[PDB]
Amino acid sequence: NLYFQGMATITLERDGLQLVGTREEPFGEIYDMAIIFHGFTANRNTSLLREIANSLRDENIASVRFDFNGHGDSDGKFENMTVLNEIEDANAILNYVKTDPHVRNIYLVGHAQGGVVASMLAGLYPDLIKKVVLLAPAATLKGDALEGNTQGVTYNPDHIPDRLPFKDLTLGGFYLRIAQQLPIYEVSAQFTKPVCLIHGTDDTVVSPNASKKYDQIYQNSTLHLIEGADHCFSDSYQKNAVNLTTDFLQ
């Protein structure tokens, strides 16, 4: 605001869970604000999300970025997270943002699974959200769950197990049962305001076809395929994601 600029820690609650977040506060009495959503197994402080927040703050766009339930510093077991309860987390964060008297326009920025959360939340609040940026939005998590193959971990899609060992973690069977029937595009398509879609051509985690499909469903979208970029826009690809996001929101 006019008096404080910088980082602050924010905590919110959703159901019985504390959600821990970082606010970047820019200069100015009134400013726009982006809510930034991390991906599956990630956290609010990956290099990509910090550099997005930093870049927006440099153009006097505020941001908040929270750890989802089951991730980072927020409460809850990873095994109990689903895309649906992350959308509930997102709604709780939006409640916080939308009542801040400094905030003019609200934007959503989501990476990967956080892009599915962002796109679905904007479709539930198409009257309130003003712009959306999706970075490698993981809408393919649905098709993967229907196929019975989630990032190389295979199971019966017709009879999903109670829980699925997944790397060092345990993924809930309910995550997968929800994933299979998530109306990702149906809900997302209700947002008719501007959307920026950014996807790396060498993403091996989420096919760029996800973003090509969002670009088809959305009334007002712009698609950016980043030649050679991977799923996280790592290293020399990162500024492609940061620049496009910043430019779109200013």
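Numbering starts at 1 and runs along the sequence shown.
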| property | result |
| --- | --- |
| Between the two ranges 167 to 175 and 119 to 127, the one averaging a larger CA B factor in the entry | 167 to 175 |
| Segment of higher mean CA temperature factor, 67 to 75 or 104 to 112 | 67 to 75 |
| Top Cα B factor in the deposited entry, candidates 83, 132, 153, 94 | 153 |
| Largest Cα B-factor, entry values, listed residues 181, 188, 192, 209 | 209 |
| Position of residue 31 among the chain's modelled residues by C-alpha B-factor, lowest, middle or highest third | middle |
| Position of residue 88 among the chain's modelled residues by C-alpha B-factor, lowest, middle or highest third | lowest |
| Residue 196 - Cα temperature factor, lowest/middle/highest third of chain | lowest |
| Chain thirds of CA B-factor: placement of residue 56 | lowest |
| Residue 2, C-alpha B-factor rank within chain (lowest, middle or highest third) | highest |
